[PDB]
Each structure stands twice: as structure tokens, then as C-alpha cells.
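**Student:** This one is an experimental structure. Sequence first:
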Amino acid sequence: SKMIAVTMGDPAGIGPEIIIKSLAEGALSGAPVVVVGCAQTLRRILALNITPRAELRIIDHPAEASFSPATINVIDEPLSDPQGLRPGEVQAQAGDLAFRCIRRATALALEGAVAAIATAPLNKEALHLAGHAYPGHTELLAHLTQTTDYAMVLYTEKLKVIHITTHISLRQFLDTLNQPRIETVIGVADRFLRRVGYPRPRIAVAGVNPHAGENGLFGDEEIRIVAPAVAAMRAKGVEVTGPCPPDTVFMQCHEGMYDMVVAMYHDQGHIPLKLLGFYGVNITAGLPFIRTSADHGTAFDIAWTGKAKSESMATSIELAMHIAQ
Amino acid sequence: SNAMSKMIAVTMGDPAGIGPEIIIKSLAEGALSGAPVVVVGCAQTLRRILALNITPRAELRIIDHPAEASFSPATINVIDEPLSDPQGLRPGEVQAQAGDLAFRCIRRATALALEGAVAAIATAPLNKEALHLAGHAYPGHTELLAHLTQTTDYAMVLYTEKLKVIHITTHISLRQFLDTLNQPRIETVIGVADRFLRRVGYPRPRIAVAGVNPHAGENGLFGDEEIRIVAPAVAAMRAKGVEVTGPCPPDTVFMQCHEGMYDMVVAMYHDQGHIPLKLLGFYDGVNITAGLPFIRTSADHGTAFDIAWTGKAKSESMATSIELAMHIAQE
Ligand SMILES: [Cl-]
Ligand code: NI
Ligand code: NI
């Protein structure tokens, strides 16, 4: 039984309650999931009657987990002051816990004690206040695993995408586009797909401009940057093609012509995925293990009220499990 | 005529291209057999195509005016706009007489649409080089139609029952889109969208405007086009009573429209609007040139001189464009 670790995230946010909701009932009840988090915090949430009931089984190591419906196995990573934590506020002890849970889960994944991680949201202000000077999970995970090259993947059965960049302006994407990064991401895609079991991954690389530039009629990015990256990776034995017209390449992948598309920018890849009804499926590819997450924040405005939806947390756990098993 | 609806015109386009054969295939059989469609084109060219046995059979009914049409299955009503030398025309070659015909059919059909004799035009493709060689200095249909109807403000619409999109920009580089994005154009396109949908019969169209940057900028974290250009356009049009909202995150706005939250999305650039439509299966690129005084449609195919007059060109997109023109024309 391949296990998933789930990190608590910021305990003052919605992470604790969406973890309990995800694991206490429904499809993931009794699933092989180990929570790395503050057990006392989980108990405070349970006492507020804002989630289904659950028994906690505290453990020291994933190999000591015992899975059953309505029980949550927890490796306790304690807050310094669990009873003093205030809901929905930026607190150093909360940012510190978010960091420590990621650190501990990462160590377990690197040892092979768990197969993958699914992360609950952290608050970057609190993370920084606690002395952890990372923009977010991605840079922290990269540091803890000595991973230089990584990229965001959206993963569904029929359409998979990996992104050259994500949360930057469209203009910045154009002004930073570069051949080394595209080659790197093609390589990350190939290794990622091999590791999920595709012996000979078929990868398509999207162009930048309409019609992939129509032979230079629109822009020069395809001839000067994208096509040379494709050629270099084809020479290195990757089954990669492109540049491909953006408005047909995702369609082609969805129809089974390719296993994954390399999208040039956030919306190029996100628009098609979310239209197909995937509004929990993001993977940080390139790390030594699979890491999933949801696109939502800590939601301090509603934290500890039971209003936050747990579906994206559950979807991220399900995805990690699916790939691991 | 014996139409039970408004009629539309179909223009032949460049006769040396695939226009003639895809018109015949569209109208001679299948869904549009007997439909209230009048072809404006060179009848002798259609007869040359029929004699090549590269299409289904069809009887031609030549007429002088749409009101004199008589619609029936496997018959095509044609207002004959003749080539200067129909028997000398060569398939799949740039020829002045072909460009001249393409122009004349558009001119004649436009006059009929403006007079109300037909309610829309669906165009077959023309060849720009031939159009220019015939002394008609236009990049293509859109500019020619805009000129003949004195239309300044227009935009490309993709139309399905669940997802409709109108474009700020289309065939330009992403960099040129970013360098030329301006508030007046966005206001104009919102206006074109509102008028188009009200005409269709949506008294209070719900229009969403897509952002430029991821998360529509995320309150400025990922760029400022939304704050400086797009949001002011939306506010200006809301002040004119348009039910317009945005800027919206690009990766959720098309999905929301598709789910029924909005009637139409204003897309900022070509791929932003084209990726979602082609993913849902609409790969033919049928589109409406919105803002003209009448409905005009077309498919995204060219003249395909490589296969012209061989019967290999697919007619499905032509048929879909005729069907869409006919449908939208009924409002
Ligand atoms: Cl109308
Ligand atoms: Ni995002
Ligand atoms: Ni196009």
C-alpha cells in the first residue's frame, strides 16, 4: 500500500478543516494517507463541530499507520503554542509549523516512507515572519530536494499540460522566453511521464503566436526560440514535436495524438483544462517525488467556520494516490 | 419565393478555388437540400464543376432576384454574376478574372442584403493575390465588406449555443496585441457584442470581459493591463447600461460562459478565444463578422488551390457557415 503524506499548511487557515473533511468521510475515508501536522490543532477543529467526526491515530512513522474508515493517521508536528493560536490571523508560530510540516514530509518522501505529498495551503506572510524566506511551496520544495529544474503540470486522463512559466504578466512571459528553459521543461515532461509509467512519452510543444506564427507572419518566437528547443530535445531522443498552433495542439492532445503539451504561458494551458471541468490537479513536476496541491489560499476570512470547501483538497489527495498506486 | 423564413446569399468567392465545389456539395444534398439560399456566382463555372463529376448532382435554377427563387431538394438557386471568360478559367491558379468575380459577387450580394432582399451572407473563400491583380485593393473579405457597408466597428464572433466569444484582436503577434491594446477598442467591442446579442433577441445580454494576465492580474500582482486599460473600458460600458462584467480571470471566464453564467465572452487575443472553441470540437473555425448592418459568416479555410476542382476539399465547414448565417438571420 503506497501512502501519501498530507501537510497541514498554515494551521490558522482552512488547511486543518479541509484535511479533516477530506479524510473523515466519503471516498478517502480509510485511504492510505498520513497527515503531518499539529494534532492538538486538529483536536481544536474537531471540538468546534465544523467538520464530520474523526478519531485521530497518532503515529511516529508512516510504516506504523493503520488505516480504517473515520480514523485519521497523524504524525504530530506540534505548534509551539497550540491553544494560543488564533484563527485567520498571520502568526509566526503558524508559518513556522507550515514550514516544519513540509520539511518533515519531504524527508519522509525522500526516504521512500511515503510515495507522494499533497499540500494544504500556507500563508506566505506568516511563513516569512517565521524566518522562512521562500516565495511559496515550490521554492521551498526545490530547496529541500536540491531540485533546480521543475514546472507546473495540470493532469487529467485525456489532457496533460506542463508550463514554461505560470504567475507572471503575459508581457514578462514574452520578454523572458528562452530556449534553455523550454529544453528543460521538455526534459521535465519526459521524465515525469516516464515516472508515471509512459515508456515512450509523446510530447507536443505549443507555439506562442496565432497559427504558431504562420511562417513568421506573426512574431519571431517560434523560429528563434521554440523550434530550436524542440530540435535539441528531439536530438536527445525525446519524442517531441512542435511548435504547434496553440488553438489546435491541446485539442490534438485531448484526442490522444499526444500524452502532454508544453504550454508557453499560464492561461494557454489553464484555459483548456478548466473548460473540460477541472476547476486540485496541479502537480509540481521535477521533484524526486510527486507533489500535488489545490490553487486556493489559506482563506483566513472564513478559517475555522466550516464554510471552506474541501473538494480541491480531496481531489489533490486522490490525484497523488492515483499516480502513486 | 416559397421560402418559409428569411433567405440568405452565398457568394462564390474565387472560382478557381474550392468555393464552387463546396457550395455545390453544401446545397445539393444533406441538411441544406432545398434551403432558402441564393448563390451569387458564375453559373457557367458551377456547370463546369458539375460536368467534372466531383460533387453530387444538382439542378440549377437561374433567377434575377431572390424573390423569384423557388426552393426544392437537390436544386440550387443562382443569381448569375458571370466570369468574363468562364471556359478559359484554369483551376487552382491566380487569375485576374477570378479575383474580379470574387469582388463582384460580394458587391452584388452586399447590395441585396442592404436592400433587404436577403438577410445575411455566407462567403466562400477568395484569393487575395487575384483580388489585387483585378484592381481591388483589399486584404480580404472583412475590409471589403466594411468598405461596402461604411462600417468602421466590427469584430470576429465564434457562436455556439453554450459558448460565444468576440475578439478584441485576431491575426497579430502576441507582442503586437500587448503593444496596441487600448481602451477605446475594448469599449467598441463590448458595444458591438451588446448590439449583436440584442439583435439576436437577448434584451439584456450578460457579457464577460477576459483579462490579459493570469488571474486577470490578481489585483495587480501579475500585471497592470486590467487596472489601466480593461477595467476602465468595462466601467465605461456599464455606465451605458450594458450588463458587462470583468476583467475576469481568463482561465475561468470561458468555462463560466459555457456553464451559462454569461452569454458571451470578450476575448483579448486570438488564441484566448480560439483554444476553448476548438477544444469543444469546433475545429472548422466558422465565424461571424459582427458589427456589419447584416449577418455575415465564413469558414477559416482558404481557396485551397492545391486541391481545387478535384472534389477532395471538405464541404462541412461551408455547410456549417451557411447554416449559422441562416439561423442568426432569422432574428
Ligand atoms: Cl439580422
Ligand atoms: Ni494560477
Ligand atoms: Ni486564425
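**Tutor:** In hand now; what should we look at? Numbering: from 1, shown residues only, chains lettered A, B, ... in the order given. Ligands and ions are numbered 1, 2, ... in the order given.

**Student:** okay, CA-based contacts and neighbour counts for the rest of this
**Tutor:** OK.

**Student:** Stretch A:215-232 and chain B in contact?
**Tutor:** Yes: using C-alpha under 8 Å from any C-alpha of the partner chain, stretch A:215-232 reaches chain B at A:218, A:219.

**Student:** all strands for the stretch 151-300 of chain A, in order.
**Tutor:** A:151-155, A:160-163, A:202-206, A:239-244, A:260-263, A:282-285, A:290-293 (DSSP state E, counting those that start in this stretch).

**Student:** Residues contacting the longest one, please?
**Tutor:** Strand A:239-244 has contacts (C-alpha atoms under 8 Å, 6 or more residues apart in numbering or on different chains) with A:186, A:200-207, A:211-212, A:222, A:226-227, A:230, A:233-234.

**Student:** picking up where we left off before, among the strands of the stretch 151-300 of chain A, which is the most enclosed?
**Tutor:** Comparing those by mean neighbour count (mean count of other C-alpha atoms under 10 Å in any protein chain shown), strand A:260-263 ranks first with a mean of 29.

**Student:** Neighbouring strands - and their directions - for it?
**Tutor:** Here strand A:260-263 has these sheet partners by DSSP bridges: strand A:160-163 (parallel), strand A:202-206 (parallel).

**Student:** In a markdown table: the strands of the stretch 151-300 of chain A, plus distance to residue A:29.
**Tutor:** Converted to a markdown table, the strands of the stretch 151-300 of chain A look like this (distance: least, C-alpha to C-alpha, whole Å):
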| stretch | distance to residue A:29 |
| --- | --- |
| strand A:151-155 | 23 |
| strand A:160-163 | 28 |
| strand A:202-206 | 36 |
| strand A:239-244 | 40 |
| strand A:260-263 | 32 |
| strand A:282-285 | 22 |
| strand A:290-293 | 19 |
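
**Student:** Which one of the ones you listed lies nearest to residue A:138?
**Tutor:** Comparing those against residue A:138 with C-alpha to C-alpha, the closest turns out to be strand A:282-285 (7.2 Å).

**Student:** thinking again about what came up before, what's the PyMOL line that selects buried ones from the contacts of strand A:239-244?
**Tutor:** Filtering the contacts of strand A:239-244 down to the buried ones (16 or more other C-alpha atoms under 10 Å in any protein chain shown) takes a single PyMOL command:
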select buried, chain A and resi 186+201+202+203+204+205+206+207+211+212+222+226+227+230+233
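
**Student:** Residue numbers of the stretch 101-250 of chain A in contact with chain B?
**Tutor:** Residues of the stretch 101-250 of chain A lying near chain B (C-alpha under 8 Å from any C-alpha): A:166-171, A:174, A:208-210, A:213, A:218-219, A:246-248, A:250.

**Student:** Can you pull the phi and psi angles for the residue located most distally from the centre of chain A?
**Tutor:** Distance from the C-alpha centroid of chain A, by C-alpha atoms, centre = their mean, peaks at residue A:217 (37.3 Å). The phi and psi values for residue A:217, taken as degrees, to the nearest 10, are phi -60, psi -30.

**Student:** How much space separates it from residue B:132?
**Tutor:** For residue A:217, the distance to residue B:132 equals 19 Å [C-alpha to C-alpha, to the nearest Å].

**Student:** now do residue A:273
**Tutor:** Relative to residue B:132, and taking C-alpha to C-alpha, residue A:273 is found at 43 Å.

**Student:** swap in residue A:266?
**Tutor:** 41 Å.

**Student:** Quick one, which of the residues of the stretch 101-250 of chain A next to chain B are buried?
**Tutor:** Here, 16+ other C-alpha under 10 Å leaves A:166-171, A:208-210, A:213, A:218-219, A:246-248, A:250 buried among these.

**Student:** Take these and keep only those in helices.
**Tutor:** Using DSSP state H, the members of those that fall in helices are A:170, A:171, A:246, A:247, A:248, A:250.

**Student:** Just give me the closest of those residues to chain B.
**Tutor:** residue A:247 (4.2 Å; C-alpha to the nearest C-alpha).

**Student:** Point out the other elements, helices or strands, that the helix ranked longest in chain A touches.
**Tutor:** For chain A, the helix with the greatest residue count under DSSP H is helix A:92-111. For helix A:92-111, the packing partners by 3 or more C-alpha pairs under 8 Å, 6 or more residues apart in numbering or on different chains; DSSP states H and E come out as strand A:4-7, strand A:33-37, strand A:116-119, helix A:124-129, helix A:137-145.

**Student:** residue contacts, the residue of the stretch 1-150 of chain A found nearest chain B?
**Tutor:** Going by C-alpha to the nearest C-alpha, chain B is nearest to residue A:135 of the stretch 1-150 of chain A, at 13.1 Å. Residues in contact with residue A:135, defined by C-alpha under 8 Å, 6+ apart, are residue A:124.

**Student:** Now it: phi and psi?
**Tutor:** The phi/psi pair for residue A:135 (degrees, to the nearest 10) is phi -60, psi -40.

**Student:** give me every residue that touches residue A:70.
**Tutor:** Per C-alpha under 8 Å, 6+ apart, neighbours of residue A:70: A:23, A:24, A:25, A:29, A:30, A:53, A:54, A:55.

**Student:** and with 10 Å instead?
**Tutor:** Contact analysis of residue A:70 by C-alpha atoms under 10 Å, 6 or more residues apart in numbering or on different chains lists A:20, A:23-26, A:28-31, A:52-56.

**Student:** for residue A:257, same thing?
**Tutor:** Counting by C-alpha under 10 Å, 6+ apart, residue A:257 has contacts A:202, A:203, A:204, A:249, A:250, A:251.

**Student:** Thought residue A:203 was touching residue A:250, still the case?
**Tutor:** No: Residue A:250 is beyond contact range of residue A:203, at 11.1 Å (criterion: C-alpha atoms under 10 Å).

**Student:** list the residues that contact both of these two?
**Tutor:** Joint contacts of residue A:250 and residue A:203 (C-alpha under 10 Å, 6+ apart) are A:160, A:161, A:257, A:258, A:260, A:261, A:262.

**Student:** which residues does the fifth one bridge with?
**Tutor:** What that stands for is residue A:260. residue A:203.

**Student:** quick one: it and residue A:160 touch, right?
**Tutor:** Yes: with contacts defined as C-alpha under 10 Å, residue A:260 counts as touching residue A:160 at a distance of 4.7 Å.

**Student:** what sits in contact with each of the two?
**Tutor:** What both residue A:260 and residue A:160 touch, as defined by C-alpha under 10 Å, 6+ apart, is the set A:153, A:154, A:189, A:193, A:203, A:250, A:253, A:254.

**Student:** Residue A:72 belongs to a helix, doesn't it?
**Tutor:** No: with DSSP: H, G, I helix; E, B strand; the rest coil as the criterion, residue A:72 is located in strand rather than a helix.

**Student:** Share the number of residues neighbouring it, please.
**Tutor:** Neighbour count for residue A:72, taken as other C-alpha atoms under 10 Å in any protein chain shown: 26.

**Student:** Spit out the contact partners of it.
**Tutor:** Residue A:72 neighbours (C-alpha under 10 Å, 6+ apart): A:19-20, A:23-24, A:29-35, A:54-58, A:65-66.
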